[PDB]
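File shown: upload.cif. Contents: mmCIF, N, CA and C atoms.
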data_query
#
loop_
_atom_site.label_atom_id
_atom_site.label_comp_id
_atom_site.auth_asym_id
_atom_site.auth_seq_id
_atom_site.Cartn_x
_atom_site.Cartn_y
_atom_site.Cartn_z
N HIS X 393 89.56 85.00 75.28
CA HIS X 393 90.94 85.30 75.65
C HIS X 393 91.12 85.18 77.16
N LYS X 394 92.21 84.54 77.59
CA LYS X 394 92.45 84.33 79.01
C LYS X 394 93.36 85.41 79.59
N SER X 395 92.89 86.06 80.65
CA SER X 395 93.68 87.00 81.42
C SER X 395 94.78 86.28 82.19
N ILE X 396 95.73 87.04 82.71
CA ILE X 396 96.75 86.49 83.60
C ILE X 396 96.12 85.76 84.78
N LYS X 397 95.09 86.36 85.36
CA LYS X 397 94.42 85.74 86.51
C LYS X 397 93.83 84.39 86.12
N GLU X 398 93.21 84.32 84.95
CA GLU X 398 92.58 83.08 84.49
C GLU X 398 93.63 82.01 84.20
N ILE X 399 94.73 82.40 83.58
CA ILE X 399 95.80 81.46 83.30
C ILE X 399 96.34 80.86 84.60
N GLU X 400 96.55 81.69 85.61
CA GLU X 400 97.02 81.20 86.91
C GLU X 400 96.01 80.25 87.56
N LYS X 401 94.75 80.65 87.57
CA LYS X 401 93.68 79.84 88.15
C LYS X 401 93.60 78.48 87.49
N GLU X 402 93.64 78.46 86.17
CA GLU X 402 93.54 77.21 85.44
C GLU X 402 94.70 76.28 85.77
N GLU X 403 95.91 76.83 85.89
CA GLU X 403 97.06 75.98 86.20
C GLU X 403 97.00 75.46 87.64
N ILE X 404 96.61 76.31 88.58
CA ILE X 404 96.48 75.90 89.97
C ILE X 404 95.50 74.74 90.10
N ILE X 405 94.33 74.88 89.50
CA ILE X 405 93.32 73.85 89.59
C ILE X 405 93.73 72.57 88.84
N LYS X 406 94.37 72.72 87.69
CA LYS X 406 94.89 71.57 86.95
C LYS X 406 95.87 70.76 87.80
N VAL X 407 96.81 71.43 88.44
CA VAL X 407 97.81 70.74 89.24
C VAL X 407 97.15 70.09 90.46
N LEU X 408 96.24 70.79 91.12
CA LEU X 408 95.54 70.19 92.25
C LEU X 408 94.83 68.91 91.82
N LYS X 409 94.19 68.90 90.66
CA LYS X 409 93.55 67.69 90.16
C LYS X 409 94.58 66.57 89.97
N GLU X 410 95.73 66.90 89.40
CA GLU X 410 96.77 65.92 89.11
C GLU X 410 97.27 65.21 90.36
N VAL X 411 97.33 65.94 91.48
CA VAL X 411 97.81 65.36 92.74
C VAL X 411 96.68 65.16 93.76
N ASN X 412 95.46 65.02 93.25
CA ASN X 412 94.31 64.65 94.08
C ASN X 412 94.17 65.58 95.28
N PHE X 413 94.36 66.86 95.01
CA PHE X 413 94.18 67.95 95.96
C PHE X 413 95.07 67.88 97.20
N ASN X 414 96.22 67.24 97.04
CA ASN X 414 97.28 67.34 98.03
C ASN X 414 97.91 68.72 97.86
N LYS X 415 97.56 69.64 98.75
CA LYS X 415 97.95 71.03 98.58
C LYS X 415 99.47 71.21 98.67
N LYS X 416 100.11 70.51 99.60
CA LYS X 416 101.56 70.63 99.75
C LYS X 416 102.27 70.27 98.46
N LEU X 417 101.93 69.11 97.90
CA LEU X 417 102.53 68.69 96.64
C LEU X 417 102.21 69.67 95.53
N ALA X 418 100.96 70.12 95.48
CA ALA X 418 100.56 71.07 94.45
C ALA X 418 101.41 72.34 94.54
N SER X 419 101.60 72.85 95.75
CA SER X 419 102.37 74.07 95.93
C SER X 419 103.80 73.88 95.43
N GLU X 420 104.38 72.70 95.68
CA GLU X 420 105.75 72.43 95.24
C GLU X 420 105.83 72.38 93.72
N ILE X 421 104.81 71.81 93.08
CA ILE X 421 104.78 71.71 91.62
C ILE X 421 104.55 73.08 90.97
N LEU X 422 103.70 73.88 91.59
CA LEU X 422 103.37 75.22 91.09
C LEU X 422 104.49 76.25 91.31
N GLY X 423 105.41 75.94 92.22
CA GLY X 423 106.49 76.84 92.53
C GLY X 423 106.08 78.01 93.41
N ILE X 424 105.04 77.81 94.22
CA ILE X 424 104.57 78.85 95.12
C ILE X 424 104.52 78.31 96.55
N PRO X 425 104.71 79.19 97.54
CA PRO X 425 104.60 78.75 98.94
C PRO X 425 103.20 78.24 99.24
N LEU X 426 103.10 77.33 100.20
CA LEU X 426 101.81 76.78 100.58
C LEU X 426 100.86 77.89 101.04
N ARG X 427 101.37 78.89 101.76
CA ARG X 427 100.53 80.00 102.21
C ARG X 427 99.90 80.74 101.04
N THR X 428 100.63 80.85 99.94
CA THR X 428 100.14 81.53 98.75
C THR X 428 99.06 80.70 98.06
N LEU X 429 99.25 79.39 98.01
CA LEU X 429 98.20 78.51 97.49
C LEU X 429 96.92 78.65 98.32
N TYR X 430 97.05 78.65 99.64
CA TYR X 430 95.90 78.85 100.52
C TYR X 430 95.18 80.16 100.17
N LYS X 431 95.95 81.22 99.99
CA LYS X 431 95.39 82.53 99.69
C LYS X 431 94.63 82.52 98.37
N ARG X 432 95.22 81.93 97.34
CA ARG X 432 94.56 81.83 96.04
C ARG X 432 93.25 81.06 96.14
N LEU X 433 93.26 79.92 96.81
CA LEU X 433 92.06 79.09 96.90
C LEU X 433 90.95 79.81 97.65
N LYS X 434 91.32 80.57 98.68
CA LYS X 434 90.37 81.37 99.42
C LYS X 434 89.76 82.42 98.49
N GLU X 435 90.61 83.10 97.73
CA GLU X 435 90.14 84.12 96.80
C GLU X 435 89.20 83.53 95.75
N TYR X 436 89.49 82.31 95.30
CA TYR X 436 88.66 81.64 94.30
C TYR X 436 87.35 81.12 94.89
N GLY X 437 87.27 81.04 96.22
CA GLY X 437 86.08 80.55 96.89
C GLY X 437 85.99 79.03 96.88
N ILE X 438 87.13 78.38 96.67
CA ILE X 438 87.20 76.93 96.51
C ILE X 438 87.65 76.27 97.81
N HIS C 393 84.13 80.22 131.03
CA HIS C 393 85.31 79.37 130.87
C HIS C 393 85.75 79.35 129.40
N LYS C 394 87.05 79.47 129.17
CA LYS C 394 87.57 79.51 127.80
C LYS C 394 88.02 78.13 127.33
N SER C 395 87.49 77.71 126.19
CA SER C 395 87.93 76.50 125.52
C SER C 395 89.32 76.67 124.95
N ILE C 396 89.95 75.57 124.55
CA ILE C 396 91.22 75.62 123.84
C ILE C 396 91.13 76.51 122.60
N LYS C 397 90.05 76.37 121.85
CA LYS C 397 89.87 77.17 120.64
C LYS C 397 89.84 78.66 120.98
N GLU C 398 89.14 79.02 122.05
CA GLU C 398 89.02 80.42 122.44
C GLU C 398 90.35 80.97 122.92
N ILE C 399 91.09 80.19 123.69
CA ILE C 399 92.40 80.61 124.16
C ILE C 399 93.32 80.89 122.97
N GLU C 400 93.32 80.02 121.98
CA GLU C 400 94.14 80.22 120.78
C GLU C 400 93.72 81.48 120.02
N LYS C 401 92.42 81.64 119.80
CA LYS C 401 91.88 82.80 119.10
C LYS C 401 92.27 84.09 119.78
N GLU C 402 92.12 84.14 121.10
CA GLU C 402 92.44 85.35 121.85
C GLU C 402 93.91 85.70 121.72
N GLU C 403 94.79 84.70 121.76
CA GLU C 403 96.23 84.99 121.66
C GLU C 403 96.60 85.44 120.24
N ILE C 404 96.03 84.79 119.23
CA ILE C 404 96.30 85.17 117.85
C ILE C 404 95.92 86.63 117.61
N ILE C 405 94.72 87.00 118.03
CA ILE C 405 94.24 88.36 117.82
C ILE C 405 95.03 89.38 118.66
N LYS C 406 95.37 89.01 119.89
CA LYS C 406 96.20 89.87 120.74
C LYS C 406 97.55 90.18 120.06
N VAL C 407 98.21 89.15 119.55
CA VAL C 407 99.51 89.35 118.93
C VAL C 407 99.37 90.17 117.66
N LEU C 408 98.36 89.89 116.84
CA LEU C 408 98.14 90.69 115.64
C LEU C 408 97.98 92.16 116.00
N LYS C 409 97.23 92.47 117.05
CA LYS C 409 97.08 93.85 117.49
C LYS C 409 98.43 94.46 117.86
N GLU C 410 99.24 93.70 118.59
CA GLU C 410 100.54 94.17 119.06
C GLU C 410 101.47 94.57 117.92
N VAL C 411 101.40 93.85 116.81
CA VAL C 411 102.25 94.14 115.65
C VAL C 411 101.47 94.75 114.48
N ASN C 412 100.35 95.39 114.80
CA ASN C 412 99.60 96.17 113.82
C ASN C 412 99.26 95.35 112.59
N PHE C 413 98.87 94.11 112.85
CA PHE C 413 98.41 93.17 111.84
C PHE C 413 99.42 92.83 110.76
N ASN C 414 100.69 92.93 111.10
CA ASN C 414 101.75 92.37 110.28
C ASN C 414 101.72 90.86 110.50
N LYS C 415 101.16 90.14 109.54
CA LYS C 415 100.92 88.72 109.72
C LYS C 415 102.22 87.93 109.85
N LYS C 416 103.22 88.27 109.05
CA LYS C 416 104.49 87.56 109.11
C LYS C 416 105.09 87.64 110.51
N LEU C 417 105.18 88.85 111.05
CA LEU C 417 105.71 89.03 112.40
C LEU C 417 104.85 88.30 113.41
N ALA C 418 103.53 88.41 113.26
CA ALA C 418 102.62 87.74 114.19
C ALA C 418 102.88 86.24 114.18
N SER C 419 103.03 85.65 113.00
CA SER C 419 103.24 84.22 112.90
C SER C 419 104.53 83.82 113.62
N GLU C 420 105.57 84.64 113.49
CA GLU C 420 106.84 84.35 114.14
C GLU C 420 106.71 84.41 115.66
N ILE C 421 105.94 85.37 116.15
CA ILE C 421 105.73 85.51 117.59
C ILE C 421 104.87 84.38 118.16
N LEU C 422 103.86 83.98 117.39
CA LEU C 422 102.93 82.92 117.80
C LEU C 422 103.56 81.51 117.71
N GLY C 423 104.64 81.39 116.96
CA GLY C 423 105.29 80.11 116.78
C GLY C 423 104.57 79.19 115.82
N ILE C 424 103.84 79.76 114.87
CA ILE C 424 103.13 78.98 113.87
C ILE C 424 103.51 79.45 112.47
N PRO C 425 103.47 78.54 111.49
CA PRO C 425 103.76 78.94 110.11
C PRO C 425 102.76 79.97 109.61
N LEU C 426 103.19 80.82 108.68
CA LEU C 426 102.31 81.83 108.13
C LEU C 426 101.07 81.20 107.49
N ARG C 427 101.23 80.06 106.83
CA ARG C 427 100.08 79.38 106.22
C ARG C 427 99.03 79.00 107.26
N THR C 428 99.48 78.64 108.46
CA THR C 428 98.58 78.25 109.54
C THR C 428 97.85 79.48 110.08
N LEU C 429 98.55 80.60 110.21
CA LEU C 429 97.89 81.84 110.59
C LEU C 429 96.81 82.21 109.57
N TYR C 430 97.12 82.12 108.29
CA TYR C 430 96.14 82.38 107.24
C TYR C 430 94.90 81.50 107.43
N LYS C 431 95.13 80.22 107.69
CA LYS C 431 94.04 79.27 107.86
C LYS C 431 93.16 79.63 109.06
N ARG C 432 93.78 79.96 110.18
CA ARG C 432 93.04 80.37 111.37
C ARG C 432 92.19 81.60 111.10
N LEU C 433 92.77 82.62 110.47
CA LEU C 433 92.04 83.86 110.24
C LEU C 433 90.86 83.64 109.30
N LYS C 434 91.04 82.77 108.32
CA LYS C 434 89.96 82.41 107.42
C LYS C 434 88.84 81.73 108.21
N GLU C 435 89.21 80.79 109.07
CA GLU C 435 88.23 80.08 109.88
C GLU C 435 87.47 81.04 110.80
N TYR C 436 88.17 82.04 111.33
CA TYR C 436 87.55 83.03 112.21
C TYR C 436 86.67 84.02 111.45
N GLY C 437 86.84 84.08 110.13
CA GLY C 437 86.07 85.00 109.30
C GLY C 437 86.61 86.42 109.35
N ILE C 438 87.87 86.55 109.75
CA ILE C 438 88.51 87.85 109.96
C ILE C 438 89.38 88.22 108.77
#
Target format structure tokens, applied to this file:
Amino acid sequence: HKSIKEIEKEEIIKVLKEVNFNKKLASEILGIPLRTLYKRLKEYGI
Amino acid sequence: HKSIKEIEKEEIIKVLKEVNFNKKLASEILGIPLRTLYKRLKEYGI
């Protein structure tokens, strides 16, 4: 079973893959500010 | 002698102290986007 955290992580990484890790584009697709994407990736250790 | 990197680091940390580590306010005072402040602090290990 996937937690909320896992569901978010999976979508963030999926979108980053789709746009070849262009963070700006990924943030726009995810609907989150670029600063928030940075924060998530730091937390994930990625 | 202080490098460009050191001068930037010292000002970032000085401003953060002045506003009690309110990052949003610090970013506005420093003239940099909040995402950039996040990136700098991560690089500094702070």
I need the chain C residues near chain X as an mmCIF file with N, CA and C atoms, in the coordinates of the input; criterion: at most 7 Å, counting only N, CA and C atoms.
data_model
loop_
_atom_site.group_PDB
_atom_site.id
_atom_site.type_symbol
_atom_site.label_atom_id
_atom_site.label_comp_id
_atom_site.auth_asym_id
_atom_site.auth_seq_id
_atom_site.Cartn_x
_atom_site.Cartn_y
_atom_site.Cartn_z
ATOM 1 N N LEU C 426 103.190 80.820 108.680
ATOM 2 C CA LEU C 426 102.310 81.830 108.130
ATOM 3 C C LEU C 426 101.070 81.200 107.490
ATOM 4 N N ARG C 427 101.230 80.060 106.830
ATOM 5 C CA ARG C 427 100.080 79.380 106.220
ATOM 6 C C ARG C 427 99.030 79.000 107.260
ATOM 7 N N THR C 428 99.480 78.640 108.460
ATOM 8 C CA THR C 428 98.580 78.250 109.540
ATOM 9 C C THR C 428 97.850 79.480 110.080
#
Requested in this report: Using only C-alpha atoms, pick whichever of X:432, X:437, X:418, X:424 has the shortest atom-to-atom distance to residue 401 in chain X.
Outcome: X:432
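The nearest approach to residue 436 in chain C among the residues C:404, C:417, C:422, C:411, with only C-alpha atoms taken into account, belongs to C:404.
The interatomic distance for the pair CA of residue 403 in chain X and CA of residue 423 in chain X works out to 11.4 Å.
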Requested in this report: Please report, as a ChimeraX atom specification, each residue of chain C to which DSSP assigns alpha helix (DSSP H) when run on this structure's backbone.
Outcome: /C:396-410,415-422,426-436
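Our summary of the geometry notes that atom N of residue 402 in chain C is positioned 24.4 Å from CA of residue 435 in chain X.
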Could I see range 399-419 of chain C restored to N, CA, C and O atoms, set down as an mmCIF file, in the frame of the given file?
data_model
loop_
_atom_site.group_PDB
_atom_site.id
_atom_site.type_symbol
_atom_site.label_atom_id
_atom_site.label_comp_id
_atom_site.auth_asym_id
_atom_site.auth_seq_id
_atom_site.Cartn_x
_atom_site.Cartn_y
_atom_site.Cartn_z
ATOM 1 N N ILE C 399 91.090 80.190 123.690
ATOM 2 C CA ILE C 399 92.400 80.610 124.160
ATOM 3 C C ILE C 399 93.320 80.890 122.970
ATOM 4 O O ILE C 399 94.027 81.903 122.957
ATOM 5 N N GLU C 400 93.320 80.020 121.980
ATOM 6 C CA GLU C 400 94.140 80.220 120.780
ATOM 7 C C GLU C 400 93.720 81.480 120.020
ATOM 8 O O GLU C 400 94.565 82.299 119.640
ATOM 9 N N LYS C 401 92.420 81.640 119.800
ATOM 10 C CA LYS C 401 91.880 82.800 119.100
ATOM 11 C C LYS C 401 92.270 84.090 119.780
ATOM 12 O O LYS C 401 92.704 85.048 119.126
ATOM 13 N N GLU C 402 92.120 84.140 121.100
ATOM 14 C CA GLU C 402 92.440 85.350 121.850
ATOM 15 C C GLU C 402 93.910 85.700 121.720
ATOM 16 O O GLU C 402 94.255 86.870 121.577
ATOM 17 N N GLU C 403 94.790 84.700 121.760
ATOM 18 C CA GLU C 403 96.230 84.990 121.660
ATOM 19 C C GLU C 403 96.600 85.440 120.240
ATOM 20 O O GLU C 403 97.402 86.361 120.066
ATOM 21 N N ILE C 404 96.030 84.790 119.230
ATOM 22 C CA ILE C 404 96.300 85.170 117.850
ATOM 23 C C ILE C 404 95.920 86.630 117.610
ATOM 24 O O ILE C 404 96.682 87.409 117.039
ATOM 25 N N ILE C 405 94.720 87.000 118.030
ATOM 26 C CA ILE C 405 94.240 88.360 117.820
ATOM 27 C C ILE C 405 95.030 89.380 118.660
ATOM 28 O O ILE C 405 95.337 90.479 118.185
ATOM 29 N N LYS C 406 95.370 89.010 119.890
ATOM 30 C CA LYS C 406 96.200 89.870 120.740
ATOM 31 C C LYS C 406 97.550 90.180 120.060
ATOM 32 O O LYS C 406 97.982 91.330 120.011
ATOM 33 N N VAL C 407 98.210 89.150 119.550
ATOM 34 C CA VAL C 407 99.510 89.350 118.930
ATOM 35 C C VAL C 407 99.370 90.170 117.660
ATOM 36 O O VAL C 407 100.155 91.073 117.415
ATOM 37 N N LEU C 408 98.360 89.890 116.840
ATOM 38 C CA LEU C 408 98.140 90.690 115.640
ATOM 39 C C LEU C 408 97.980 92.160 116.000
ATOM 40 O O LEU C 408 98.539 93.018 115.321
ATOM 41 N N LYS C 409 97.230 92.470 117.050
ATOM 42 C CA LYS C 409 97.080 93.850 117.490
ATOM 43 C C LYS C 409 98.430 94.460 117.860
ATOM 44 O O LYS C 409 98.744 95.593 117.483
ATOM 45 N N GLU C 410 99.240 93.700 118.590
ATOM 46 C CA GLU C 410 100.540 94.170 119.060
ATOM 47 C C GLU C 410 101.470 94.570 117.920
ATOM 48 O O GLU C 410 102.263 95.506 118.062
ATOM 49 N N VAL C 411 101.400 93.850 116.810
ATOM 50 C CA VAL C 411 102.250 94.140 115.650
ATOM 51 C C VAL C 411 101.470 94.750 114.480
ATOM 52 O O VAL C 411 101.884 94.661 113.326
ATOM 53 N N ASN C 412 100.350 95.390 114.800
ATOM 54 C CA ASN C 412 99.600 96.170 113.820
ATOM 55 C C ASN C 412 99.260 95.350 112.590
ATOM 56 O O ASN C 412 99.369 95.822 111.447
ATOM 57 N N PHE C 413 98.870 94.110 112.850
ATOM 58 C CA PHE C 413 98.410 93.170 111.840
ATOM 59 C C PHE C 413 99.420 92.830 110.760
ATOM 60 O O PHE C 413 99.056 92.424 109.659
ATOM 61 N N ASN C 414 100.690 92.930 111.100
ATOM 62 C CA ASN C 414 101.750 92.370 110.280
ATOM 63 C C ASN C 414 101.720 90.860 110.500
ATOM 64 O O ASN C 414 102.169 90.360 111.532
ATOM 65 N N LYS C 415 101.160 90.140 109.540
ATOM 66 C CA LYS C 415 100.920 88.720 109.720
ATOM 67 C C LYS C 415 102.220 87.930 109.850
ATOM 68 O O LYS C 415 102.321 87.031 110.681
ATOM 69 N N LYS C 416 103.220 88.270 109.050
ATOM 70 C CA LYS C 416 104.490 87.560 109.110
ATOM 71 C C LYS C 416 105.090 87.640 110.510
ATOM 72 O O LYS C 416 105.466 86.633 111.101
ATOM 73 N N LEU C 417 105.180 88.850 111.050
ATOM 74 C CA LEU C 417 105.710 89.030 112.400
ATOM 75 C C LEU C 417 104.850 88.300 113.410
ATOM 76 O O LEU C 417 105.362 87.674 114.328
ATOM 77 N N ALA C 418 103.530 88.410 113.260
ATOM 78 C CA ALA C 418 102.620 87.740 114.190
ATOM 79 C C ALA C 418 102.880 86.240 114.180
ATOM 80 O O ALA C 418 102.946 85.617 115.243
ATOM 81 N N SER C 419 103.030 85.650 113.000
ATOM 82 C CA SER C 419 103.240 84.220 112.900
ATOM 83 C C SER C 419 104.530 83.820 113.620
ATOM 84 O O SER C 419 104.562 82.791 114.303
#
